[PDB]
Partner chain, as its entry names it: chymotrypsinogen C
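To begin, one chain is listed below as structure tokens, in the form solved without its partner chain.
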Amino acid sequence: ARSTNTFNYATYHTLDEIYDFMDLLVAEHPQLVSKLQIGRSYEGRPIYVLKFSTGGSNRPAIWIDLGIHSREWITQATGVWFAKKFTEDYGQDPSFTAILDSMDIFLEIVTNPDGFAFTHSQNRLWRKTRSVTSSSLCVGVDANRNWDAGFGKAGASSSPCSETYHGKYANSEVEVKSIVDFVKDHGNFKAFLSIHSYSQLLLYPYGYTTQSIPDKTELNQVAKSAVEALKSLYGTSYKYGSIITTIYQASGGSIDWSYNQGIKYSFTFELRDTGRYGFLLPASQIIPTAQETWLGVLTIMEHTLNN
């Protein structure tokens, strides 16, 4: 792909293709997009975030990350599509234009680059990072169990060989600490969205505790509105609710952490499907998934801009 206009959005790509895509995009829309390196992975690959902004100084922002679990390929694919869509819709879509005119969007397409490279080279279903666990033969940590939110409580495994291993301590994974430092340093994030697959769910906090968040009514109403928007295109049906009541008890998850930092609009999307293909969703479903997920995300952004 010589231009972001010739990149194939309807197929799954490797890490290099996605990193090359980032530079094409910046080159084409220098005034709107910037590439930031917020850290380096365990195996030393750069960790990149795309910043979409029309100016200002430390405008309130929206965080969106994809690919924290490497095998959920539909998420990195949706992230690439979103990056392109942002550049297409600014100045065309009134709603999206109003958002970018007042807020910045930070997009992390490949949150776990080492695991992503591993899914391409050796094990398509790899979920964790690739950090070497000292007193074990088992590699990696579930980066979505490593956050400082009920860290180590029920909903995570203490065994290094588990798919849900939480790691030695909160934020032990550089892929996680890189995000934590960046968001803490920025201090003006208003929304935090973390995308996964599969199950077709829209979740809000909490996963580590049965306690209800103080903003439950509002977040529930936003979730309802976002799922209605998403369903409007292809009829894809999503359920919504707090993590613990909807999926399962899970400790150390990112949105529990972000909400505890005061970032009210903290949500996780679990993309298509419901099990027919699961992690191996056909390339033919990439665009439809991305398009409908965009309506759900845009709904949340609109609420953020106004409240």
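Positions refer to the first chain, counted from 1.
Of the two segments examined, 28-36 and 42-50, it is 28-36 that shows the higher average Cα temperature factor in the deposited entry. The question of which stretch, 112-120 or 147-155, has the higher mean Cα B factor is settled in favour of 147-155. Across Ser212, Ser162, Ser194, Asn171, the entry's maximum B-factor at the CA atom is seen for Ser212.
Across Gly253, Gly56, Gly262, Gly275, the greatest Cα temperature factor reported in the deposited entry is at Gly56. When the CA B factors of the chain's modelled residues are split into thirds, the value for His186 lands in the highest one. Among all modelled residues in its chain, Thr129 ranks in the lowest third by Cα B-factor. Ranked against the other modelled residues of its chain, the C-alpha B-factor of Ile64 as given in the entry falls in the lowest third.
In this PDB entry, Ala77 carries a Cα temperature factor that places it within the lowest third of its chain's modelled residues. Sort the modelled residues of the chain by CA B factor and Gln285 lands in the highest third.
Quick note: we don't show the form solved in complex with its partner chain, though the next part is all about it.
Only one of the listed residues (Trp81, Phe106, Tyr90, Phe189) places a non-hydrogen atom within 4.5 angstroms of its partner chain in the deposited complex, and that residue is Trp81. Listed residues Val174, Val180, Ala98, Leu233 were compared with its partner chain in the deposited complex; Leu233 is the one with a heavy atom within 4.5 Å. Put simply, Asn307 is far from its partner chain in the deposited complex: not one heavy atom of it is within 4.5 Å. Its partner chain in the deposited complex comes within 4.5 Å of a heavy atom belonging to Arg272. Within 4.5 Å of some heavy atom of its partner chain in the deposited complex lies at least one heavy atom of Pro282.
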